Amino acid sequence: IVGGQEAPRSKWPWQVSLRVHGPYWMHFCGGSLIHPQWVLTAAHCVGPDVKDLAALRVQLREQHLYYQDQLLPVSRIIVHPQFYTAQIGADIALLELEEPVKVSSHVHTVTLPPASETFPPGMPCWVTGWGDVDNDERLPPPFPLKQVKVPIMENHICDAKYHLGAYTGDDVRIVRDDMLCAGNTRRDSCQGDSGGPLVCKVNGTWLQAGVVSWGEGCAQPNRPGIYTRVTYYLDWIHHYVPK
């Protein structure tokens, strides 16, 4: 997370950490608990090539990574069939936990936005995670969960921004319709935050509007963060995740 702060221990009860087996269960991506037994994340975190479940684990809300670990096994990895690379799109996936988690005031699901919801450009949104605090510079120990308020921006203006200083023709889409963008040169998500949540408080309830996907560097000029637009894949998520 770039330009942010350690998050209060009572914020973001849905933030999750994805672990991969090695010398130790190391964090490689974020995620969000959208259902007692399901984790929403980015497909490029667990694909396009098939992964071995035995090597994956899930860690729920943690103030400092690695400290109070209680890894949870994954029963299934569901990666959107239309996904190949994040720049192309469909960068969303689901993780079915082997057991439902006992939700608490400190650890519960986040709400999915209704199919009609349209997070207006400029809405107050937050992105959370243990990703780098800047380009090429890791989050220092004890690895606190960071947060930052990033302003959402219209898809067209973002697509436009990405063409500035680029050879790509103006009518060629870079930021596509199944994506959404947010952040500026001082606030953004970064390597290690992918798969994590982009939530906005609406009416008086927190809705996940995006999933940290990709972007050129972190907090770079005319290069805001790109996220998978959740509303766009609501039907695909609901084909697996109940209500």
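Here, rigid core means the biggest group of C-alpha atoms that superpose within 1.5 Å across both forms. In case it trips you up, residue 1 is the first one in the sequence shown, and so on.
Where the structures in 8 other deposited structures of this protein are fitted on the rigid core, 118 to 126 is the one of 118 to 126 and 103 to 111 whose C-alphas sit farther from the shown form on average. In this entry, the higher average B-factor at the C-alpha atoms falls on 116 to 124, of the pair 163 to 171 and 116 to 124.
Look at the C-alpha B-factors of 202 to 210 and of 45 to 53. On average they run higher in 202 to 210.
Going by the entry's values, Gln63 shows the largest Cα B-factor out of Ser32, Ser194, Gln63, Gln59. Among the modelled residues of the chain, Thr111 sits in the highest third by CA temperature factor in this PDB entry. Split the chain's modelled residues into thirds by C-alpha temperature factor. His21 is in the highest one.
Placement of the Cα temperature factor of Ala7 within the chain: middle third of the modelled residues, per the deposited record. When the modelled residues of the chain are ordered by their C-alpha B factor, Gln68 lands in the highest third. In the deposited entry, the Cα temperature factor of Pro142 places it in the lowest third of its chain's modelled residues.
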